[PDB]
2 protein chains.
Amino acid sequence: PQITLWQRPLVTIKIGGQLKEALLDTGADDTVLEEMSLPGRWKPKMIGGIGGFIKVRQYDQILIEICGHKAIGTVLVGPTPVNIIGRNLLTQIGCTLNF
Amino acid sequence: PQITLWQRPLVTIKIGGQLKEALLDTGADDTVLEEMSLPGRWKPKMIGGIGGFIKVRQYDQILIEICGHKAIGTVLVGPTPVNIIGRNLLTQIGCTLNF
Ligand SMILES: CC(C)CN(C[C@@H](O)[C@H](Cc1ccccc1)NC(=O)O[C@H]1CCOC1)S(=O)(=O)c1ccc(N)cc1
């Protein structure tokens, strides 16, 4: 669909059997989700942004259904204020910026 | 223009007579630019990002040219790692998301 930016671009996602709302974020290289129950082994990674850095757990090959569209990719889980869908998943659903 | 997201969506901006590159960020509510020379009075303010909170200086009614698009709005200048154009300015140059 087409989304204007008058309000935060929130979308409904489904990961690991749970329904969550996430922010379509073009300035996020990676997808980072709030702490949640996810199965599998992970790797302790670390990312930075405004305000500093955070310790995050990296899970690969995670299936996420974003607005009905499915995608499989890396998902970071950790201390995030908002669930963020970054470019690693935004490219898989064919999301573009237009002006 | 149409911007695909395989690479960070960076654009050339002209502010305060200076040329800079900035990231188009749909996940950012406001525009945050690295610390730079800007004339005028400003108000102190703090921003919350992924790693914590930074204290920035707020400038109102500042002219900024993103591409050939001129826009006037609020700009926060402070310790951000990347210059980011947020939704306060993205809506003025008519930027949308599509998938
Ligand atoms: C370009 C960078 C440095 C900024 N990031 C993207 C931004 O969209 C980020 C998204 C977000 C919104 C609200 C709360 C917390 C995070 N907004 C952000 O800082 O909002 C401030 C600036 C003005 O208004 C509020 S990031 O979150 O650090 C990030 C970095 C790496 C990955 N892999 C994932 C996320």
Side-chain angles (χ1 to χ4, degrees), chain A residues 3 5-11 13 15 20-35 42-60 62 64 66 71 73-92 95 97, chain B residues 3 5-11 13 20-35 42-60 62 64 66 73-92 95 97:
Chain A
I3 308 184
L5 284 333
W6 291 99
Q7 284 185 112
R8 280 185 164 183
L10 292 174
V11 85
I13 69 175
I15 343 82
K20 281 170 160 54
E21 272 188 269
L23 187 74
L24 295 187
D25 199 350
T26 55
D29 305 309
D30 306 307
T31 293
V32 54
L33 271 50
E34 61 192 4
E35 260 295 336
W42 46 265
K43 313 185 67 178
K45 186 193 192 181
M46 264 185 89
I47 56 169
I50 266 185
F53 45 78
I54 65 169
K55 245 293 173 199
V56 118
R57 301 181 293 152
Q58 173 185 346
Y59 291 70
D60 304 316
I62 294 303
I64 307 194
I66 305 160
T74 305
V75 170
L76 308 181
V77 184
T80 325
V82 199
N83 289 319
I84 284 167
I85 305 289
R87 291 167 32 236
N88 73 303
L89 262 29
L90 291 176
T91 51
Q92 276 195 60
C95 185
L97 276 184
Chain B
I3 304 188
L5 295 165
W6 304 90
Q7 300 280 252
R8 277 189 167 173
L10 306 163
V11 286
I13 65 164
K20 291 185 177 296
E21 286 191 87
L23 185 72
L24 304 175
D25 207 331
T26 54
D29 299 320
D30 285 296
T31 295
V32 197
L33 307 170
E34 65 201 6
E35 212 283 289
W42 47 269
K43 305 164 189 171
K45 191 220 195 86
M46 283 164 265
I47 295 309
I50 203 154
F53 285 76
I54 62 171
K55 8 287 162 189
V56 297
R57 315 191 300 260
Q58 176 180 348
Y59 287 94
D60 303 344
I62 301 286
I64 174 163
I66 308 162
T74 302
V75 169
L76 308 172
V77 179
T80 181
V82 192
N83 295 303
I84 49 186
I85 306 300
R87 301 182 305 105
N88 68 338
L89 252 38
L90 292 187
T91 55
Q92 294 193 55
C95 189
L97 274 165

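All values below were derived from every heavy atom in this structure, side-chain atoms included, with hydrogens, water molecules and symmetry-related copies excluded. Labels below follow one simple rule: chain letters A, B, ... track the order of the sequence lines, proteins then strands, and each chain is numbered from 1. Every number for a ligand or one of its atoms is a count from 1 in the order of the listing.
Heavy-atom contacts from other residues, nucleotides or ligands closer than 6.0 Å to CE of A:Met46 number more than 12.
Each of the following atoms of ligand 1 lies closer than 4.0 Å to a heavy atom of B:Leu23: 1 (C). Against a heavy-atom cut-off of under 4.0 Å, B:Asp30 is close to the following atoms of ligand 1: 23 (C), 24 (O). Atoms of ligand 1 lying under 4.0 Å from any heavy atom of B:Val32, numbered from 1 in the order shown and given with element: 22 (C), 23 (C).
The backbone N or O of A:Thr26 lies less than 3.5 Å from a partner atom in the side chain of B:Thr26, making a donor-acceptor pair. Under a 3.5 Å cut-off, the side chain of A:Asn83 and the backbone N or O of A:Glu34 do form a donor-acceptor pair.
With B:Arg87 as the partner, the salt bridge (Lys or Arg N to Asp or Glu O under 4.0 Å) test is satisfied by one option alone out of B:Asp25, B:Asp30, B:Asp29: B:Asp29. Tested against B:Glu35, the residues B:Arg57, B:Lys55, B:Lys20 include a single salt bridge (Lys or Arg N to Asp or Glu O under 4.0 Å) partner, B:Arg57.
Among all non-hydrogen protein atoms, the one lying nearest atom 35 (C) of ligand 1 is A:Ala28 CB, 3.7 Å. Residue, atom and distance of the protein heavy atom nearest to atom 28 (O) of ligand 1 are A:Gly49 CA, 3.1 Å. In terms of protein heavy-atom proximity, atom 31 (C) of ligand 1 is nearest to A:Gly48 O, 3.9 Å. Atom 3 (C) of ligand 1 has as its closest protein heavy atom B:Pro81 CG, 3.5 Å. With respect to atom 5 (N) of ligand 1, the closest heavy atom belonging to the protein is A:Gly27 O, 3.7 Å.
Comparing A:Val82, B:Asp29, A:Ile84, B:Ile84 against atom 16 (C) of ligand 1, the shortest heavy-atom distance belongs to A:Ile84.
The pair B:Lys43-B:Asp60 meets the salt-bridge criterion, since a charged nitrogen lies less than 4.0 angstrom from a carboxylate oxygen.
Between B:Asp25 and ligand 1, a contact under 3.5 Å exists for at least one N or O pair.
At a threshold of 4.5 Å between non-hydrogen side-chain atoms, the residues B:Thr80 and B:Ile47 do not count as touching.
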